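Structure file query-v9.csv (CSV, C-alpha atoms) follows.
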```csv
chain,number,residue,atom,x,y,z
A,4,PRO,CA,-30.1,-73.4,-40.9
A,5,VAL,CA,-31.5,-71.5,-37.9
A,6,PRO,CA,-28.9,-69.3,-36.1
A,7,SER,CA,-27.7,-70.2,-32.5
A,8,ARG,CA,-26.3,-68.5,-29.5
A,9,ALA,CA,-24.3,-69.7,-26.5
A,10,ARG,CA,-26.5,-69.6,-23.4
A,11,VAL,CA,-23.5,-68.3,-21.3
A,12,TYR,CA,-20.5,-66.0,-22.0
A,13,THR,CA,-22.2,-65.0,-25.2
A,14,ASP,CA,-20.6,-61.6,-25.6
A,15,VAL,CA,-17.2,-62.0,-23.9
A,16,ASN,CA,-15.2,-61.1,-27.0
A,17,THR,CA,-17.8,-58.5,-28.2
A,18,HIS,CA,-16.8,-56.3,-25.2
A,19,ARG,CA,-13.1,-57.2,-25.4
A,20,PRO,CA,-10.4,-55.0,-27.2
A,21,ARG,CA,-9.3,-56.1,-30.6
A,22,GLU,CA,-5.9,-57.1,-29.3
A,23,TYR,CA,-7.4,-59.9,-27.2
A,24,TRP,CA,-8.9,-62.1,-30.0
A,25,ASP,CA,-7.1,-60.8,-33.1
A,26,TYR,CA,-4.4,-63.4,-32.7
A,27,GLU,CA,-3.2,-62.8,-36.3
A,28,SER,CA,-1.9,-59.3,-35.4
A,29,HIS,CA,-0.3,-60.7,-32.3
A,30,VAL,CA,3.5,-60.3,-32.0
A,31,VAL,CA,5.4,-63.1,-30.3
A,32,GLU,CA,8.1,-62.1,-27.8
A,33,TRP,CA,10.9,-64.7,-28.1
A,34,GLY,CA,13.1,-66.2,-25.4
A,35,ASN,CA,16.6,-67.6,-25.6
A,36,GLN,CA,17.2,-71.1,-27.0
A,37,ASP,CA,20.4,-71.6,-25.0
A,38,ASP,CA,18.4,-71.1,-21.8
A,39,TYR,CA,17.1,-74.7,-22.1
A,40,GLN,CA,18.8,-78.1,-21.9
A,41,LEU,CA,17.2,-81.2,-23.3
A,42,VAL,CA,17.2,-84.3,-21.0
A,43,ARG,CA,14.8,-86.9,-22.4
A,44,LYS,CA,12.4,-87.5,-25.2
A,45,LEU,CA,8.7,-88.1,-24.1
A,46,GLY,CA,7.4,-89.4,-27.4
A,47,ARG,CA,6.4,-88.5,-30.9
A,48,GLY,CA,3.3,-86.4,-31.6
A,49,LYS,CA,1.7,-85.8,-35.0
A,50,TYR,CA,2.9,-82.2,-35.1
A,51,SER,CA,5.7,-82.0,-32.5
A,52,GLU,CA,8.4,-84.0,-30.8
A,53,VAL,CA,8.1,-83.6,-27.0
A,54,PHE,CA,11.2,-83.4,-24.7
A,55,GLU,CA,11.8,-83.5,-20.9
A,56,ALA,CA,14.1,-80.5,-20.2
A,57,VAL,CA,15.5,-78.1,-17.6
A,58,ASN,CA,15.7,-74.3,-17.6
A,59,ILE,CA,19.4,-74.0,-16.7
A,60,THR,CA,18.7,-70.3,-15.7
A,61,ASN,CA,16.5,-70.9,-12.6
A,62,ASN,CA,16.5,-74.7,-12.5
A,63,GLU,CA,12.8,-75.0,-13.2
A,64,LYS,CA,11.4,-78.4,-14.5
A,65,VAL,CA,10.2,-77.9,-18.1
A,66,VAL,CA,8.6,-79.7,-21.0
A,67,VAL,CA,9.5,-78.4,-24.5
A,68,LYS,CA,7.4,-79.1,-27.6
A,69,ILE,CA,9.5,-78.8,-30.7
A,70,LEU,CA,7.1,-78.0,-33.5
A,71,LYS,CA,7.0,-79.5,-37.0
A,72,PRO,CA,6.6,-76.9,-39.8
A,73,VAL,CA,3.0,-75.9,-39.8
A,74,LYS,CA,1.2,-72.7,-41.0
A,75,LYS,CA,2.2,-69.9,-38.6
A,76,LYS,CA,-1.3,-68.5,-38.3
A,77,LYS,CA,-2.3,-71.8,-36.5
A,78,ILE,CA,0.5,-71.6,-33.9
A,79,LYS,CA,0.0,-67.8,-33.4
A,80,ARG,CA,-3.6,-68.7,-32.4
A,81,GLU,CA,-2.5,-71.3,-30.0
A,82,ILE,CA,0.1,-69.0,-28.4
A,83,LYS,CA,-2.4,-66.1,-27.9
A,84,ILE,CA,-5.0,-68.5,-26.5
A,85,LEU,CA,-2.3,-69.9,-24.1
A,86,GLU,CA,-1.3,-66.3,-23.1
A,87,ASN,CA,-5.0,-65.2,-22.5
A,88,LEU,CA,-5.6,-68.2,-20.3
A,89,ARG,CA,-2.3,-68.2,-18.3
A,90,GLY,CA,-2.9,-68.4,-14.5
A,91,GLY,CA,-6.3,-70.1,-15.0
A,92,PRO,CA,-7.3,-73.1,-12.9
A,93,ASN,CA,-6.0,-76.4,-14.4
A,94,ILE,CA,-4.8,-74.7,-17.6
A,95,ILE,CA,-1.4,-75.7,-18.8
A,96,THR,CA,0.9,-72.6,-18.5
A,97,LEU,CA,3.1,-71.6,-21.4
A,98,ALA,CA,6.4,-70.7,-19.7
A,99,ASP,CA,8.3,-69.5,-22.8
A,100,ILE,CA,8.5,-69.6,-26.6
A,101,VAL,CA,11.9,-70.2,-28.2
A,102,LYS,CA,13.4,-70.6,-31.7
A,103,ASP,CA,16.4,-72.5,-33.0
A,104,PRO,CA,18.6,-69.9,-34.7
A,105,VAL,CA,20.3,-72.5,-36.9
A,106,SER,CA,17.1,-74.2,-38.2
A,107,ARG,CA,14.5,-71.4,-37.5
A,108,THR,CA,12.1,-74.0,-36.1
A,109,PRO,CA,10.0,-72.8,-33.2
A,110,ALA,CA,9.3,-74.7,-29.9
A,111,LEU,CA,6.9,-74.1,-27.1
A,112,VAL,CA,8.0,-74.5,-23.5
A,113,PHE,CA,5.4,-75.6,-20.9
A,114,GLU,CA,5.5,-76.3,-17.2
A,115,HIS,CA,6.5,-79.9,-16.4
A,116,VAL,CA,3.7,-82.3,-15.3
A,117,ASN,CA,4.4,-85.9,-14.6
A,118,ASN,CA,1.8,-87.8,-16.6
A,119,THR,CA,0.6,-91.4,-16.1
A,120,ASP,CA,-0.5,-93.4,-19.2
A,121,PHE,CA,-4.3,-92.7,-19.2
A,122,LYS,CA,-5.0,-96.2,-20.7
A,123,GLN,CA,-3.8,-97.8,-17.5
A,124,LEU,CA,-5.0,-95.0,-15.3
A,125,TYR,CA,-8.8,-95.1,-15.9
A,126,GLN,CA,-8.5,-98.8,-15.1
A,127,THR,CA,-7.9,-98.0,-11.4
A,128,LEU,CA,-9.9,-94.9,-10.8
A,129,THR,CA,-12.2,-94.9,-7.7
A,130,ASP,CA,-15.8,-93.4,-7.7
A,131,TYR,CA,-14.4,-90.4,-5.9
A,132,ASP,CA,-11.5,-90.1,-8.3
A,133,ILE,CA,-13.8,-89.8,-11.3
A,134,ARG,CA,-15.8,-87.1,-9.6
A,135,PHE,CA,-12.8,-85.2,-8.3
A,136,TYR,CA,-10.9,-85.1,-11.7
A,137,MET,CA,-14.2,-84.4,-13.6
A,138,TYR,CA,-14.6,-81.4,-11.2
A,139,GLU,CA,-11.0,-80.4,-12.1
A,140,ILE,CA,-11.5,-80.5,-15.9
A,141,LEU,CA,-14.7,-78.5,-15.4
A,142,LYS,CA,-12.7,-75.8,-13.6
A,143,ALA,CA,-10.5,-75.4,-16.7
A,144,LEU,CA,-13.5,-75.4,-19.1
A,145,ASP,CA,-15.6,-72.9,-17.2
A,146,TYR,CA,-12.6,-70.7,-16.9
A,147,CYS,CA,-11.7,-70.9,-20.7
A,148,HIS,CA,-15.4,-70.5,-21.7
A,149,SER,CA,-15.6,-67.4,-19.5
A,150,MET,CA,-12.6,-66.1,-21.4
A,151,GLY,CA,-14.5,-66.6,-24.7
A,152,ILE,CA,-12.5,-69.6,-25.8
A,153,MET,CA,-13.7,-73.1,-27.0
A,154,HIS,CA,-11.1,-75.9,-26.6
A,155,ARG,CA,-12.6,-78.1,-29.3
A,156,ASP,CA,-10.4,-81.1,-28.6
A,157,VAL,CA,-11.4,-82.3,-25.1
A,158,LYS,CA,-10.3,-85.9,-24.8
A,159,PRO,CA,-8.2,-88.0,-22.3
A,160,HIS,CA,-5.0,-87.5,-24.4
A,161,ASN,CA,-5.3,-83.8,-23.8
A,162,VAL,CA,-5.8,-84.1,-20.0
A,163,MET,CA,-2.5,-84.4,-18.0
A,164,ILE,CA,-3.0,-86.1,-14.7
A,165,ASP,CA,-0.3,-86.3,-11.9
A,166,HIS,CA,-2.1,-88.8,-9.6
A,167,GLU,CA,0.3,-88.8,-6.7
A,168,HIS,CA,-0.2,-85.0,-6.4
A,169,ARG,CA,-3.8,-85.3,-7.7
A,170,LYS,CA,-3.1,-82.4,-10.1
A,171,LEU,CA,-4.7,-81.9,-13.5
A,172,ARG,CA,-3.9,-79.8,-16.5
A,173,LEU,CA,-5.8,-79.2,-19.7
A,174,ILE,CA,-3.4,-79.2,-22.7
A,175,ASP,CA,-3.1,-79.0,-26.5
A,176,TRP,CA,-4.9,-75.8,-27.4
A,177,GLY,CA,-3.9,-76.1,-31.0
A,178,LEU,CA,-7.5,-76.5,-32.1
A,179,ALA,CA,-9.0,-73.9,-29.6
A,180,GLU,CA,-11.0,-70.9,-30.9
A,181,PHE,CA,-12.4,-67.6,-29.8
A,182,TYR,CA,-16.2,-67.5,-29.6
A,183,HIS,CA,-18.0,-64.7,-31.4
A,184,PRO,CA,-21.8,-64.7,-31.3
A,185,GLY,CA,-23.2,-65.5,-34.7
A,186,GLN,CA,-19.9,-66.7,-36.3
A,187,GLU,CA,-19.8,-69.9,-38.3
A,188,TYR,CA,-16.9,-72.2,-37.6
A,189,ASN,CA,-15.6,-75.1,-39.6
A,190,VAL,CA,-16.7,-78.4,-38.1
A,191,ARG,CA,-13.5,-80.5,-38.9
A,192,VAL,CA,-12.2,-79.7,-35.4
A,193,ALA,CA,-12.3,-82.6,-32.9
A,194,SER,CA,-11.2,-86.2,-32.5
A,195,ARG,CA,-13.7,-88.6,-34.0
A,196,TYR,CA,-14.9,-90.3,-30.8
A,197,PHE,CA,-15.5,-86.9,-29.1
A,198,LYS,CA,-17.1,-85.0,-31.9
A,199,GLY,CA,-20.5,-83.5,-31.1
A,200,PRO,CA,-23.6,-84.2,-33.2
A,201,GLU,CA,-23.5,-80.6,-34.3
A,202,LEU,CA,-20.2,-81.3,-36.0
A,203,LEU,CA,-21.3,-84.6,-37.5
A,204,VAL,CA,-24.4,-83.0,-39.1
A,205,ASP,CA,-22.3,-80.1,-40.3
A,206,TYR,CA,-24.0,-77.4,-38.2
A,207,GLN,CA,-21.5,-74.5,-38.1
A,208,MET,CA,-22.9,-72.0,-35.6
A,209,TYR,CA,-21.7,-73.9,-32.5
A,210,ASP,CA,-20.2,-72.7,-29.2
A,211,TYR,CA,-18.5,-73.8,-25.9
A,212,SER,CA,-21.2,-76.5,-25.5
A,213,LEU,CA,-19.2,-78.7,-27.9
A,214,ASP,CA,-16.6,-79.2,-25.2
A,215,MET,CA,-19.4,-80.3,-22.8
A,216,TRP,CA,-20.4,-83.1,-25.2
A,217,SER,CA,-16.7,-84.2,-25.4
A,218,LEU,CA,-16.5,-84.1,-21.6
A,219,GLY,CA,-19.7,-86.2,-21.6
A,220,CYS,CA,-17.9,-88.8,-23.7
A,221,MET,CA,-15.1,-88.9,-21.2
A,222,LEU,CA,-17.5,-89.4,-18.3
A,223,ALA,CA,-19.2,-92.3,-20.2
A,224,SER,CA,-15.9,-94.0,-20.7
A,225,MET,CA,-14.9,-93.6,-17.1
A,226,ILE,CA,-18.0,-94.7,-15.2
A,227,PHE,CA,-18.8,-97.5,-17.6
A,228,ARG,CA,-15.1,-98.5,-18.2
A,229,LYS,CA,-15.6,-98.6,-21.9
A,230,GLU,CA,-13.0,-96.4,-23.6
A,231,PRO,CA,-13.9,-94.8,-25.9
A,232,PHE,CA,-17.7,-94.9,-25.4
A,233,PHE,CA,-18.8,-94.1,-29.0
A,234,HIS,CA,-16.3,-96.2,-31.1
A,235,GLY,CA,-17.3,-95.1,-34.6
A,236,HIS,CA,-15.3,-96.2,-37.7
A,237,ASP,CA,-15.8,-92.8,-39.5
A,238,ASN,CA,-17.6,-89.5,-39.1
A,239,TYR,CA,-20.8,-90.9,-40.6
A,240,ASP,CA,-20.6,-94.1,-38.5
A,241,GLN,CA,-19.9,-92.0,-35.4
A,242,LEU,CA,-23.4,-90.4,-35.5
A,243,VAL,CA,-24.9,-93.9,-36.1
A,244,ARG,CA,-23.3,-95.2,-32.9
A,245,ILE,CA,-24.5,-92.1,-31.0
A,246,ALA,CA,-28.0,-92.6,-32.5
A,247,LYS,CA,-27.9,-96.3,-31.3
A,248,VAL,CA,-27.6,-94.9,-27.8
A,249,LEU,CA,-29.5,-91.6,-27.8
A,250,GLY,CA,-32.2,-92.6,-30.4
A,251,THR,CA,-33.0,-91.6,-33.9
A,252,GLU,CA,-36.1,-89.7,-32.9
A,253,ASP,CA,-34.4,-87.0,-30.9
A,254,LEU,CA,-31.7,-86.8,-33.7
A,255,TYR,CA,-34.3,-86.0,-36.3
A,256,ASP,CA,-36.0,-83.5,-34.0
A,257,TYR,CA,-32.6,-81.9,-33.6
A,258,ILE,CA,-32.2,-81.4,-37.4
A,259,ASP,CA,-35.7,-80.1,-37.7
A,260,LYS,CA,-35.4,-77.6,-34.8
A,261,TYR,CA,-32.3,-76.1,-36.5
A,262,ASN,CA,-33.5,-76.7,-40.1
A,263,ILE,CA,-30.3,-78.7,-40.8
A,264,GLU,CA,-29.7,-80.1,-44.2
A,265,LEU,CA,-28.7,-83.6,-43.3
A,266,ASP,CA,-26.2,-85.1,-45.7
A,267,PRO,CA,-28.0,-87.4,-48.2
A,268,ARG,CA,-25.4,-90.1,-47.3
A,269,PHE,CA,-27.1,-90.5,-43.9
A,270,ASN,CA,-30.3,-91.8,-45.4
A,271,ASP,CA,-29.3,-95.5,-45.6
A,272,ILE,CA,-27.2,-95.8,-42.4
A,273,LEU,CA,-29.1,-94.2,-39.5
A,274,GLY,CA,-32.2,-96.3,-39.4
A,275,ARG,CA,-34.5,-96.4,-36.3
A,276,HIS,CA,-33.2,-96.6,-32.8
A,277,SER,CA,-34.7,-95.9,-29.4
A,278,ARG,CA,-33.2,-94.0,-26.5
A,279,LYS,CA,-31.5,-96.6,-24.3
A,280,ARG,CA,-31.5,-96.4,-20.5
A,281,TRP,CA,-28.0,-95.6,-19.2
A,282,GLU,CA,-28.4,-98.4,-16.7
A,283,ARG,CA,-28.2,-100.8,-19.6
A,284,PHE,CA,-24.5,-100.1,-19.9
A,285,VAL,CA,-24.1,-101.0,-16.2
A,286,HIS,CA,-22.5,-104.3,-15.3
A,287,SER,CA,-20.9,-105.9,-12.2
A,288,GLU,CA,-17.3,-104.8,-13.3
A,289,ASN,CA,-18.2,-101.1,-13.5
A,290,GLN,CA,-21.2,-100.9,-11.0
A,291,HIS,CA,-19.1,-99.3,-8.2
A,292,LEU,CA,-18.5,-96.2,-10.4
A,293,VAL,CA,-22.2,-95.8,-11.3
A,294,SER,CA,-24.6,-93.9,-9.0
A,295,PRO,CA,-28.1,-92.3,-9.7
A,296,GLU,CA,-26.4,-88.8,-9.7
A,297,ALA,CA,-23.7,-89.9,-12.1
A,298,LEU,CA,-26.3,-91.2,-14.6
A,299,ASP,CA,-28.2,-87.9,-14.3
A,300,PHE,CA,-25.1,-85.8,-14.9
A,301,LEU,CA,-24.3,-87.9,-17.9
A,302,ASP,CA,-27.8,-87.7,-19.4
A,303,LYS,CA,-27.6,-83.9,-19.1
A,304,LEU,CA,-24.3,-83.7,-21.0
A,305,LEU,CA,-25.0,-86.2,-23.8
A,306,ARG,CA,-27.8,-84.6,-25.7
A,307,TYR,CA,-28.2,-83.8,-29.4
A,308,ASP,CA,-29.4,-80.2,-28.8
A,309,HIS,CA,-26.2,-78.3,-27.8
A,310,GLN,CA,-28.3,-75.6,-26.3
A,311,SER,CA,-29.9,-78.2,-24.0
A,312,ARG,CA,-26.5,-79.4,-22.6
A,313,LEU,CA,-25.3,-78.3,-19.1
A,314,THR,CA,-22.9,-75.4,-19.2
A,315,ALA,CA,-19.6,-76.0,-17.3
A,316,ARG,CA,-20.7,-74.0,-14.2
A,317,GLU,CA,-24.2,-75.6,-14.3
A,318,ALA,CA,-22.3,-78.9,-14.4
A,319,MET,CA,-20.2,-78.0,-11.3
A,320,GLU,CA,-23.5,-77.5,-9.4
A,321,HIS,CA,-24.7,-81.0,-9.9
A,322,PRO,CA,-25.4,-83.4,-7.0
A,323,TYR,CA,-22.6,-85.7,-8.4
A,324,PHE,CA,-19.9,-83.3,-7.1
A,325,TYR,CA,-21.4,-82.5,-3.6
A,326,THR,CA,-18.6,-84.4,-1.8
A,327,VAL,CA,-15.8,-82.8,-3.8
A,328,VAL,CA,-16.4,-79.3,-2.4
A,329,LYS,CA,-13.9,-79.6,0.5
```

In structure tokens, what does this structure look like?
Amino acid sequence: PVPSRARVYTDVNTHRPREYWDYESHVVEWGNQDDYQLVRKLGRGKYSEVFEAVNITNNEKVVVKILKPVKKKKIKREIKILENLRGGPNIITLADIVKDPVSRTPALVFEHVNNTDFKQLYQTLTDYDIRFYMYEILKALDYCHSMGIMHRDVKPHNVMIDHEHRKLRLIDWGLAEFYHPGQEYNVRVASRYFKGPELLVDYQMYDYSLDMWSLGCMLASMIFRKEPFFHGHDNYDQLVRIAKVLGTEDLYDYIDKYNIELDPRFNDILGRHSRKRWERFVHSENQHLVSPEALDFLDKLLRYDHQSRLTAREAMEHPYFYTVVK
């Protein structure tokens, strides 16, 4: 396996004090439990129950995430990432961190954002709406990459949209990591439909560009109205359905370039496939969302070679966003 480096923000953490990325030695400063009053449940998560609440101290609208017991190392990482990124554009802000003195169980308190069900939301988005919100997610990603942090779970579930106020937040940093040039990460880190080829072929020296693939998947679902775009049945099958769109030739070039040991179990399932034109996924029900610049932007995000992909700031430059600059 040939080593790899991020083309941007390569050395952010290299020139940052230990205290910035050494989340393990980070000490949490707790708030008061009794400062918060629960109002409504917002639904079950896999690792937390989420409640609508109010800070009775200053009457601020809050959301509290009551955590299920999980390894504390993981939550310390999330907290330190949240703290390092606070104030950033379209980054959810951690307001406070509290603990229940009777049950010991911790809970994270975030700013309230009024979220619309994304399933019904993408169904009504205008051409401008896709560009605008895409430009907003980009803001959060460039910011967080510039702070030496990969999100690693970019997907519609983790994007809070308040449509009436056209306000967007990137949430759920529980999988996020600090980028260190040369470091090998574990690849079991995204949601299936949003995993980058680098994860699926078990290439460990990845970077911020992973998020840009995921953001690519989101764009493909929005402009084509096919959510999710790559609907694989498992990790192996996920690559196959990517290969069915991007082609097997560029996939094999990708492994060769990085001297990747492709899992022997891929031998009978990949086959041969050609690069499809993006205009093939265009029909009369989604046509109004698709423009030449949209298809160019997408093609420059969905590529096997993670180094080839547009960086977040390079993506903000694209023709596709020329109207959303006002």

| task | Return the single residue from A:238, A:289, A:149, A:270 that is closest to residue 9 in chain A, with distances computed using all atoms listed in the file. | result | A:149

Range 149-175 of chain A near range 37-54 of chain A within 12 Å: what's each residue's closest atom pair and its distance in Å to one decimal, counting all atoms listed in the file, ordered by chain then ascending residue number, as a tab-separated table?
```
residue	atom	partner	partner_atom	distance
A:160	CA	A:48	CA	11.0
A:161	CA	A:48	CA	11.9
A:175	CA	A:50	CA	11.0
```

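Counting from CA of residue 205 in chain A, the distance to CA of residue 7 in chain A is 13.7 Å.
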
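Proximity ranking of A:327, A:185, A:303, A:225 relative to residue 127 in chain A places A:225 first, based on all atoms listed in the file.
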
| field | d(CA of residue 112 in chain A, CA of residue 196 in chain A) in Å | value | 28.8 Å
